Structure formats: C-alpha cells, structure tokens
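Participant: Please find one structure pasted underneath; my questions will follow.
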Amino acid sequence: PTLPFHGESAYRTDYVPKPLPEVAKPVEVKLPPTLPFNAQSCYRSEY
Amino acid sequence: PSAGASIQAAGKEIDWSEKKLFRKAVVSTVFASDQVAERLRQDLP
C-alpha cells in the first residue's frame with residue numbers, strides 16, 4: 001500500500017513567523033530643579 | 001458597476017504637513033549629564 005511522507009522544507013521549518021519583540025523602555029527623564037540667584041554686586045553691598 | 005466599494009490601493013496620502021527635520025530621538029544616559037552637574041553645584045547629601 002501507499003505510505004505518507006514526512007517531508008519538510010528546510011526554509012519552512014526554521015522560519016515560522018516569530019512572535020514580535022515586546023516593545024519596552026519608554027523612559028522619560030526630568031531635569032534637576034532651578035536655583036535662585038543669591039548674589040550681590042560690589043555696588044549693592046558696599047554702597 | 002456597483003462594485004466600487006473598495007479601499008484605494010497604492011497607499012500614499014501626499015504629505016500636506018510639515019516635513020520632519022527632527023524625528024523623535026532617544027536621549028539617554030551617555031547624552032544625559034547629571035552626576036558632575038550636582039558635583040559642580042553641591043546639592044548637599
């Protein structure tokens with residue numbers, strides 16, 4: 001009697017549509033806070 | 001002739017908006033100062 005066949009292409013077995021990589025690292029960063037101007041001049045302190 | 005209900009092929013829309021001189025670029029650690037920024041400024045322990 002006829003038999004079946006376990007035939008696979010070498011391109012089809014290894015290249016199945018892979019699961020998509022999980023998109024990640026949406027990192028957002030904040031700046032250090034600003035600082036006041038706590039300074040004089042020569043003509044504000046000494047006069 | 002009523003077989004005209006179809007989404008149009010060759011999908012370009014003609015860009016009416018401003019052209020993208022600046023695309024969103026991931027600015028991260030090496031082009032991120034900190035560190036010496038509070039070492040030159042001593043934000044206290």
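If you're wondering about the labels, chains in the structure tokens are A, B, ... by order shown, residues count from 1 in each chain, ligands from 1 in order shown.
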Compute the set of chain A residues within 9 Å of chain B, using only C-alpha atoms, and express it as a PyMOL selection string.
Facilitator: chain A and resi 27-29+31-32
Participant: Residues of chain B classed as helix (DSSP H, G or I) by DSSP on the backbone are to be reported as a list in words.
Facilitator: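 Selecting the helix (DSSP H, G or I) positions of chain B gives residues 29, 30, 31, 35, 36 and 37 of chain B.
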Participant: Have a look at atom CA of residue 35 of chain B and atom CA of residue 38 of chain A and let me know their distance in Å, one decimal.
Facilitator: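 Atom-to-atom, atom CA of residue 35 of chain B and atom CA of residue 38 of chain A are spaced 23.2 Å apart.
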